[PDB]
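Only one chain is given next, in structure tokens, and it is the form deposited in one PDB entry.
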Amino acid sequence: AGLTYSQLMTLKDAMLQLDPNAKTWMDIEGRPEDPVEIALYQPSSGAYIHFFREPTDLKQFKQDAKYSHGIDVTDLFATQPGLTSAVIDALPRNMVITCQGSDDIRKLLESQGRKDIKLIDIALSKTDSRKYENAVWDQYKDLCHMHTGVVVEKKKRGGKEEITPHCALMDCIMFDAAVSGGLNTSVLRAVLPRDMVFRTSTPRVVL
């Protein structure tokens, strides 16, 4: 139903790689009661937590896919169940998390019993928040491949137009760049081992 004992101990050790007093960004795709992509990012070290979750509500997921993240739902079937709750349980106590644009992070953490985590609300306008969007994707696109669908936005006077998909990890990186006043070239490093974020490794077909 969730993570094994081996896995929870690995996760506890991985969490030691977060500096509890350094700046930490957090962002999600999907609704706070039903997230499908979660990222945490410490720009000082370049360390990031990043993983995915299968949605419970498929109707809301399909609308989020068309207007936000473009994730194909079948790419989420091999995710590790219970990882979101396990990661949130494991975050350092009383740490300060920075988030942009909405109270989604607050509502996710509170729903999981982490009211100790203090949140800095950056009120960047949507336009300013994405000033480094293209540069971040160009530097880091190979860190997240999951945004495969066409994503659209409703236009000011009617109609639609294609936009770049919204990724929780790229968002953390580009939001920090916009608040910092510049995009650094930095080697980033995944905190979670790759064997923890995706589930099944048994060949479905012999070829």
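Note that residue numbering begins at 1 and tracks the sequence as displayed. Definition used throughout: the rigid core is the maximal C-alpha set that superposes within 1.5 Å between two forms. Shifts are known only where both forms have a C-alpha.
There is another form of this protein, the form deposited in another entry, and it is not shown here; the text below is about that form.
Task: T202: Cα shift of 2 Å or greater between the shown form and the other one (core-aligned) - done: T202: C-alpha displaced by 2 Å or more between the shown form and the other one.
- [ ] Answer yes if the Cα of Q17 shifts by 2 angstroms or more between the shown form and the other one on a rigid-core superposition, and no otherwise.
- [x] False for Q17: its C-alpha shift is below 2 Å.
Task: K59: Cα shift of 2 Å or greater between the shown form and the other one (core-aligned) - done: No, shifts by less than 2 Å.
TODO: Determine the segments between the shown form and the other one made of three or more consecutive residues whose Cα atoms all move at least 2 Å, using the rigid core for the superposition and only residues common to both forms.
DONE: Shifted runs of three or more residues, which all move 2 Å or more: 156 to 159, 184 to 186, 200 to 207.
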